[PDB]
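Visitor: Questions regarding the structure given below will be posed in turn.
Only the coordinates and a few stated rules stand behind these numbers; no lab work does. Backbone-built Cβ (ideal geometry, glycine too); neighbour counts: all protein chains shown.
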Amino acid sequence: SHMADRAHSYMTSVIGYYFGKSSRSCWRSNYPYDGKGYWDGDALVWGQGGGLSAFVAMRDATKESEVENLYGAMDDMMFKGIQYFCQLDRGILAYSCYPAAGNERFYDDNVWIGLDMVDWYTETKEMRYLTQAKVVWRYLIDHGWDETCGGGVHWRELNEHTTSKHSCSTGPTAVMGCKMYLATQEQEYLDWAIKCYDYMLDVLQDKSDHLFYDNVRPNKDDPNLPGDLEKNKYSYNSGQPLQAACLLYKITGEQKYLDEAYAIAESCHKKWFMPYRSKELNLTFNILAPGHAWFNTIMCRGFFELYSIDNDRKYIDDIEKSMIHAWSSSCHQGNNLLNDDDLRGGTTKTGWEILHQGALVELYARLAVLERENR
């Protein structure tokens, strides 16, 4: 069992460094912490969601391990803290960026919390998680989605509502609907997931490589049609449609979902991994390239979903080699954390953020699962 060990060792330090340094039983954004942060250093709800993902993912990784009871004992305190960010504001209940109303609120912040909750429900069958997932759902569908830009999900709700439609909110809402459908078999979730996914492919996809642009703004002549695109490609905006395509294949059985998945996967793999020789592993592979670790972890969800369908382990092999390399090299700091800017090792950091550390902890947690299944 090596993969279980790296994951528990790492998450232990993370909890130790970042968790419950406030009265709100939650994650602090940074380590070391300069005392200089709003809300006693509590991470924004985006950072919270990265910590939560690492935990929910660790609850999956640790089932049938020695430490299962240990992580299960931590449910109430993880739950208590993320609920402080759950705020009625302007008569809409959704997760604010800080634990009070009168704060900024975003749809994409929320969907990442929906995703955590639904899967947390999946691991536990405790209703309260599915209840919070439904909260996020309604907000996404009743407020996030509208017919401007030809459809699709908004970005910022408060304080000033934006008008552009984003991959970062629309793609993972497709993923969330699929998981909500799998959790409940209510048709509502599958219909909306397909609408979100079709929106992605129809407005926000580059057909040259099947990768996904960032956002679209309303058409000047007619705001119900799509207008100008921002064509920045970030890994997470492609891995989520990758994940949604796989989930829709598993649910519907239609081959088009899986053909699309293969194509987005090939391109995600050519773009966001790079050839690398590891001295410590004595291997050439493609390493996850220097970048934003949390974007990339969220991208990798799509790969783990796909592997579950076709049993072709060629992408997971690279992700696995990436994280074994990072652990065993100068990426791994003496304080037990990882320099998430560059998994090849060889950069210098003096501050590490929960968003990215939870991101890399989730990747070890998923590798730990595959090791349990001896996959």
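Visitor: Roughly how many nanometres apart are two label points built 7 Å out from the Cα toward the Cβ at residue 262 and residue 308?
Guide: 2.1 nm
Visitor: For region 27-184, just run the numbers: alpha carbon Rg, then divide by 2.2 N^0.38 Å, N being how many residues it has.
Guide: Rounded to two decimals, the normalised Rg is 1.06.
Visitor: Beyond a 27 Å Cα-Cα separation, which of these cross-linked pairs lie in this structure: 207/256; 233/256; 125/271; 231/256; 270/321; 165/207? Provide the component values of the computation, followed by the final result.
Guide: On the way: 207/256 15 Å; 233/256 23 Å; 125/271 38 Å; 231/256 25 Å; 270/321 16 Å; 165/207 19 Å.
Pairs exceeding 27 Å: 125/271.
Visitor: Want the number for residue 317 to residue 333: 0.36 nm per residue separation, take away the alpha-carbon distance, what's left?
Guide: The span from residue 317 to residue 333 would gain 3.4 nm if fully extended.
Visitor: Modelled label-to-label distance, residue 131 and residue 185, 7 Å Cα→beta-carbon offset: nm?
Guide: Output for this residue pair reads 2.4 nm.
Visitor: Over the Cα atoms of the chain, each weighted equally, I'd like the Debye log10 I(q)/I(0) at q = 0.07, 0.10, 0.13, 0.14 Å⁻¹, rounded to two decimals.
Guide: -0.28, -0.60, -1.06, -1.24
Visitor: Using the Kirkwood formula over every pair of different C-alpha atoms, what hydrodynamic radius in Å results for region 320-375?
Guide: Roughly 11.7 Å, rounded to one decimal.
Visitor: Give me the number: length gained by fully extending residue 224 to residue 77, i.e. 0.36 nm times residue separation minus the C-alpha to C-alpha distance, one decimal in nm.
Guide: Computed gain between residue 224 and residue 77 is 48.6 nm.
Visitor: Give the relative contact order (percent, whole number) for the chain; include only Cα pairs under 8 Å separated by 6+ residues.
Guide: Relative contact order of the chain: 19 percent.
Visitor: May I pose another question? Given the -39500 (n - 2.57) contribution per DSSP H run of 4+ residues, what per-residue ellipticity at 222 nm results for the chain, rounded to the nearest 500 deg cm²/dmol?
Guide: Mean residue ellipticity, 222 nm, calculated: -17500 deg cm²/dmol.
Visitor: Based on the Cβ-Cβ distance from residue 374 to residue 104, what FRET efficiency comes out when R0 is 51 Å, to the nearest 0.05? Let's see the in-between values first.
Guide: Numbers: r = 45 Å, r/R0 = 0.88.
Result of the calculation: an efficiency of 0.70.
Visitor: Just subtract the alpha-carbon distance of residue 282 and residue 202 from 0.36 nm times their residue separation and send over the number in nm, one decimal.
Guide: Between residue 282 and residue 202, full extension yields 24.4 nm more.
Visitor: Given R₀ = 22 Å, what would the calculated FRET efficiency be for residue 89 paired with residue 33, taking r from the Cβ atoms and rounding to 0.05?
Guide: 0.20
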